[PDB]
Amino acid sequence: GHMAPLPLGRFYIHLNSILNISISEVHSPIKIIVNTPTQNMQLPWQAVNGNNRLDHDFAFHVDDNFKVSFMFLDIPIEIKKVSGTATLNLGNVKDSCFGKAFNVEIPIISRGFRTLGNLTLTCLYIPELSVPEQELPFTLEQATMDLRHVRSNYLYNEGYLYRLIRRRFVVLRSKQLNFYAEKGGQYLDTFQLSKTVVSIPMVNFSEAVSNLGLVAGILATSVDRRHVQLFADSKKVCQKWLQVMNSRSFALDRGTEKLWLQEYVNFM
């Protein structure tokens, strides 16, 4: 759908655990310092016994340059108090958590830098929707509970097609296509279609492909900003693949009655 020149949206974080760290039975309230651009918070974390379980949720109005920082202060090891920071960059996990929950592990680099332990959290990105604030989920658990009303439409298509070298039996499932040797000989490559930019037919044929007998072409772009050019010797074929490869990726369940989910689907 429509995005701001610098894409805005919602970022849900749920801190889970601090792994590979032996926390002492004896306690002294640990400061958890969370740093976002333009904002800051300082939290006392009391860990009964040596429990390494974090139960901290966060919802951030966010832009694409976002980079949350998690600093733990005076962690007692079984005294020796250690301090470290774990910074989570949105751009490095946006694709893997776009409209879906994604567990990620970020290291807690010691002060002055090696690595103390590993901070585990669950993230999930939701783009900006023209929907009231009181209609969005406040927690990650609430979002995923609603997001399971979003079915992925069955999408299957197969056939021969030229790309840049020779014609191969492309097989498309959902947004994923796989290059195949012969018809079903071998899988040659995957190219996961982008959930943003739309594939467009070609109008400027190459000098070489014109000699091969190729009439119409297809340009596709993935989630990794990498491109690929598809060519077919027939016209009707090109308006057949682009017709299915650019159809609606997702649909919504019946009776969901959620304003933001409807808008999230229309966005895609």
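Numbering starts at 1 and follows the sequence shown.
> If I compare the deposited sequence with the modelled residues, how many are absent between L164 and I165: none, 1 to 3, 4 to 9, or 10 or more?
The entry has a gap there, with 4 to 9 residues left out between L164 and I165.
> Select one of none, 1 to 3, 4 to 9, or 10 or more to describe the deposited residues without coordinates separating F113 and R114.
Per the record, 10 or more deposited residues are absent between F113 and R114.
> Can you let me know which of the two, 91-99 or 174-182, has the higher average C-alpha B-factor in the entry?
Higher mean C-alpha B-factor in the PDB entry: 174-182.
> Mean CA temperature factor from the deposited coordinates, higher in 120-128 or in 151-159?
Higher mean C-alpha B-factor: 151-159.
> Tell me, please, which of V82, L188, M71, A143 has the highest C-alpha B factor according to the deposited entry?
Largest recorded C-alpha B-factor: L188.
> Could you check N51, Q39, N65, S210 and tell me which one carries the biggest Cα B-factor in the deposited entry?
Answer for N51, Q39, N65, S210: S210, with the highest C-alpha B-factor.
> Taking the values exactly as deposited, rank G217 by C-alpha B-factor within its chain and report the matching third: lowest, middle or highest.
Highest third.
> Name the third of the chain's ranked CA B-factors that contains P44, choosing lowest, middle or highest.
Tercile = lowest for this residue's CA B-factor.
> Place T139 in the lowest, middle or highest third of its chain's C-alpha B-factors, as listed in the PDB entry.
Bottom third by C-alpha B-factor.
> Would you please rank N35 by its C-alpha temperature factor against the other modelled residues of its chain and give the third it falls in: lowest, middle or highest?
Lowest third of the chain for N35's C-alpha B-factor.
> Is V244 in the lowest, middle or highest third of its chain when residues are ranked by C-alpha B-factor?
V244: CA B-factor falls in the highest third of its chain.
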